[PDB]
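What follows is a single chain, given as structure tokens, in the form deposited in one PDB entry.
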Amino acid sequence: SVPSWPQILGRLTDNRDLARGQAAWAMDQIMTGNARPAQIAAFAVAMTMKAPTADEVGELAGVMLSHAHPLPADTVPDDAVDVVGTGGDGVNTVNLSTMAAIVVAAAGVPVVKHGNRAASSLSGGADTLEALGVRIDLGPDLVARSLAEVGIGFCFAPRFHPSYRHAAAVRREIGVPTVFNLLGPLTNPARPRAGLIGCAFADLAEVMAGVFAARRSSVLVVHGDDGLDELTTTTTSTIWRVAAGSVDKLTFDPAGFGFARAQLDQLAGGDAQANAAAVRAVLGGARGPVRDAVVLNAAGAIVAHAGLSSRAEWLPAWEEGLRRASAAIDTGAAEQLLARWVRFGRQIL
């Protein structure tokens, strides 16, 4: 049974899980430039509607990572974290994960994010950072220095995943969310072993938790029960607590921590300059549902970070994560870290 597109696509459209190595073969065809756009699209859609398994996604992400540019050896702290969403919920939110990232870094946890400029005028993470004066497109050496000197870094996806460009193009062409939406968080080229990961779909969030569990990562995979790939105060959330290769599925109610119920339109995004203004507001200590969501996201990442070296009780872990996140803001540390981050970028010249 030598792999082929008819064999693999046939299996998927028959609603069957793939044999071992088939997903990996598919990805190696995609990453070497040998997959036609039609084959990429067909595979992406087929994989999605069949329902991908943890093993299948692990093969995809593993092959993708092998093609990626690494950060220099021994430069990424062992306890570095990611804060990121898979997108594909159809809800344009303000850049909560990016704000949370700055807060988490300010609380003493190394953060390395990973992404690209958004195709549409809707400002994504990378676009907002650039609007804030951050240099997002840096080589491996400079990201390493950024992590060392500032405590935070950003891996620009096109630079670190150049062989993924064919796949990325197809993604834009078809528009619909697919299995490939899961690969972003699973192919952070800095390879953090912890993070707060948002996912737009309940079924896929569990698949992701399985992949992270297989890597023995310490992660919280979060799903807004209203369908958001974000952690917010608008409603309750399902959180998969991944640590020690073990996975606990928990419900999470922000009201239990005293947060008020916010409306979803209060978290709506805009253009880059608007989202930049929102970042400055939160880091400036402004109260409201945005800060609340940022503090939740930051605390989540901090709980995941703690999961690397211990396994504390859930609620007291969160209470301390929330405190550290709140402190990081109100001491001015988070605002100060963004400034040091901007400063580091200016020093490069």
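Residue positions are given as counts along the sequence shown, with the first one as 1. Here, rigid core means the biggest group of C-alpha atoms that superpose within 1.5 Å across both forms.
- Averaged over structures and residues, the CA distance from the shown form in 6 other deposited structures of this protein after a core fit is larger for 168-176, of the two stretches 168-176 and 181-189.
- Between 109-117 and 274-282, the larger mean CA deviation from the shown form in 6 other deposited structures of this protein, after core superposition, belongs to 109-117.
- In at least one third of the other compared structures of this protein with flanking residues present, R311 is left unmodelled.
- Compared with other deposited structures of the same protein, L122 meets the criterion of being unmodelled in at least one third of those that resolve residues on both sides.
- The PDB entry records a higher mean C-alpha B factor for 70-78 than for its counterpart among 127-135 and 70-78.
- The deposited model assigns a higher average Cα B-factor to 308-316 than to the other stretch when 290-298 and 308-316 are compared.
- Out of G90, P110, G210, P177, the entry records its largest CA B-factor for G90.
- When the C-alpha B-factors of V63, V45, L283, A51 are read from the PDB record, the largest value belongs to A51.
- In this PDB entry, the Cα temperature factor of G58 sits in the bottom third of its chain's modelled residues, the lowest group.
- Ranked within its chain, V84 lands in the middle third, by CA B factor from the PDB record.
- The entry lists a Cα temperature factor for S218 that places it in the lowest third of the chain's modelled residues.
- Ranked against the other modelled residues of its chain, the C-alpha B-factor of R191 as given in the entry falls in the lowest third.
- In the deposited entry, the Cα temperature factor of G227 places it in the highest third of its chain's modelled residues.
The same protein also has a form solved in complex with a small molecule, omitted here; what follows describes it.
- In summary, among the residues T236, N116, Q266, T75, the only one with a non-hydrogen atom within 4.5 Å of the small molecule in the deposited bound form is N116.
- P158 is the sole member of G175, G258, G245, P158 with a non-hydrogen atom lying within 4.5 angstroms of the small molecule in the deposited bound form.
- Site residues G139, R145 and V342 are none of them in contact with the small molecule in the deposited bound form, judged by any heavy atom within 4.5 Å.
- Remark: of stretches 248-256, 145-153, 217-225, 163-171, the one touching the small molecule in the deposited bound form is 163-171 (heavy atom within 4.5 Å).
- Under a 4.5 angstroms non-hydrogen atom cutoff, the small molecule in the deposited bound form has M64 among its neighbouring residues.
- Contact check for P110: every heavy atom lies farther than 4.5 Å from the small molecule in the deposited bound form.
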